[PDB]
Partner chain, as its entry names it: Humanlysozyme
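We begin with a single chain expressed as structure tokens, specifically the form solved without its partner chain.
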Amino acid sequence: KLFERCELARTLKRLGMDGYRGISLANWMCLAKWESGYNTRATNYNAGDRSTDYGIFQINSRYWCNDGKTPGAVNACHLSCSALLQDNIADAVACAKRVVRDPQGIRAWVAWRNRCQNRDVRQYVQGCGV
């Protein structure tokens, strides 16, 4: 599923993401925007290390979900990577929360550093009623 901007904002808000571990909803929106373009079906295989990024947040198989084909990988979210490809983003959100409970927080995703950090991210939630 390809979410529309405000649709996703409210969906994320309902799932308890607004300010989760100090991360504003606009930051989450900026992350999803740059990671998948708000696409829950998005996948990116990393030929370099044999891992794959899954879903709207492009969560990596090396540490967060199990796809059974990533060398010495682990499953921190305790989910099949398949769960990160659902139209319903509840599992992906639970996993995204798990990622940020680690020291780096939102900085875990390099794309967030490149495209969202120290940026005016207000435009992501404007007019969405969140």
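Numbering follows the first chain given and starts at 1.
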Subject >> Stretch exceeding the other in mean C-alpha B-factor - 116-124, 10-18 >> reply: 116-124
Original post:
Looking at the deposited entry, does 84-92 or 57-65 carry the larger mean Cα B-factor?
Top reply: 57-65
Subject >> Ranked C-alpha temperature factor of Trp28 among modelled chain residues, by third >> reply: lowest
**OP:** Would you mind checking where the Cα B-factor of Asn39 ranks among the modelled residues of its chain, as the lowest, middle or highest third?
**Re:** middle
Subject >> Ranked against its chain, the third holding the CA B-factor of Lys97 >> reply: lowest
**OP:** Would you mind ranking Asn75 by its C-alpha B-factor against the rest of the chain and naming the third, lowest, middle or highest?
**Re:** highest
Original post:
Going by what the PDB entry lists, where does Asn46 fall on CA B-factor within its chain: lowest, middle or highest third?
Top reply: highest
